[PDB]
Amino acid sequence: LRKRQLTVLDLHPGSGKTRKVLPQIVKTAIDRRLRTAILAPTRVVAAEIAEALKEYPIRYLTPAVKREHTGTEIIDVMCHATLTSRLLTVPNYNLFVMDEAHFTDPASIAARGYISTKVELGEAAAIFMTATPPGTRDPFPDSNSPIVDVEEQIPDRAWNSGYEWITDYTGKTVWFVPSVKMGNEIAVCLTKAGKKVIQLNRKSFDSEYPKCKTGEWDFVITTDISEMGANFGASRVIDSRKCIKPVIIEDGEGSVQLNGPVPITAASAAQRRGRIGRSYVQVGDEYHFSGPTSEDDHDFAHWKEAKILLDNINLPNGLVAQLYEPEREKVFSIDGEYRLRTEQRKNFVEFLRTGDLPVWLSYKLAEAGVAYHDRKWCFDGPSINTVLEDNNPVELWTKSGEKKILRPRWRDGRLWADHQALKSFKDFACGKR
């Protein structure tokens, strides 16, 4: 009960989290009438926490709905981003428990800032659970069983020769890639070599990660989303230590671009490696990697985007929350700099929630006075912002009846990162939501 005292913020890692630790915390919170928020990084982990807590009365919260049996529940389970979303449109929780608290999704960073600030104000206690606390930099941490770390060349595309070590192995392998496209090229190569392959990414995770529990697979090819609580029962990880992440370019109008494979942080590398080595009775787990790690992640867009979110959340004291202490050095702006005026903020929240637009773009739109329903901005950008599909400009029928080339006022590369993103953006440009 040492961790449940107001003004306490506790970090810890381990193994035994949902069978015992989380239920004990929840049991004590209920006995003490502590209004509690349990925060999971993903819908999968929220589900697994909710199942671990099946013996207790809990409320499940999404950004839009609540699931309860009586309405008298005091323990809420939700995704990190659901807290941030509801703060932008919320109980004065006495206790926060954040699982996988290293997640650098902007809404997760902002949630840690809000929670950290509530703790420092003496309004709450918080527990951050993660094997790689924000601020840490150790890519080869200790493990339950020794890991064989092997630095060697890793394919970044299909191969027609060599790499015998990849396909001759008969255990299960988790292979982290920087992009879904690269993962698919590798997955097809492995499949034509007689391997059973599952591909995991943010869009496929809810349907495909559950298939890993059947054990009917040889390889999981995954993006970095599997750094947030995925449990594989594998024996090998392959990791070129790359990611592709948005970068805000502050020159001119400003823009966001997706910068090609760049090195991951040491904490990310430790989380990728940390998929294995988890069991004393399974020895010989291997981590095959190439490339350095890098802590120059200040240029990744999620830090500024977290600050934009936090600057637009009101506090009881009339001020604004700060980022969680070890993360404050990632952003170089003065607190409150991104706070939007009244009508702008209303449109901001709508672009985020109903529009499903990235934080940076939603801020630029809102700040420029764009109304949520006004789609002129999708078509009134300069010709350099023309969106291409199959090297042809995208032409759309607008809600006003005109056929126009898709030319957003600001370029945010996440709007056309893949076919599904582009389709969603085309639907938005046409007024479909």
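Start at 1 with the first residue shown and count on from there.
Going from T89 to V90, the model skips 1 to 3 deposited residues, which lack coordinates. As listed in the deposited structure, the average C-alpha B-factor of 74 to 82 and of 338 to 346 is greater for 338 to 346. Relative to one another, 250 to 258 and 189 to 197 have unequal mean CA B-factors, and 250 to 258 is the one with the higher figure. Comparing the listed residues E164, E216, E100, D105, the entry records the largest Cα B-factor for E216. You'll see in the entry that, of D224, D156, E123, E151, the Cα B factor peaks at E123.
Per-chain ranking of the deposited C-alpha B factor places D285 in the lowest third.
Per the deposited record, the Cα B-factor of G355 falls in the highest third when ranked against the other modelled residues of its chain. In the PDB entry, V65 places in the highest third of its chain by CA B-factor. Annotation for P41: C-alpha temperature factor in the lowest third relative to the rest of the modelled chain, per the entry. Ranked by Cα temperature factor within the chain, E48 sits in the lowest third according to the deposited record.
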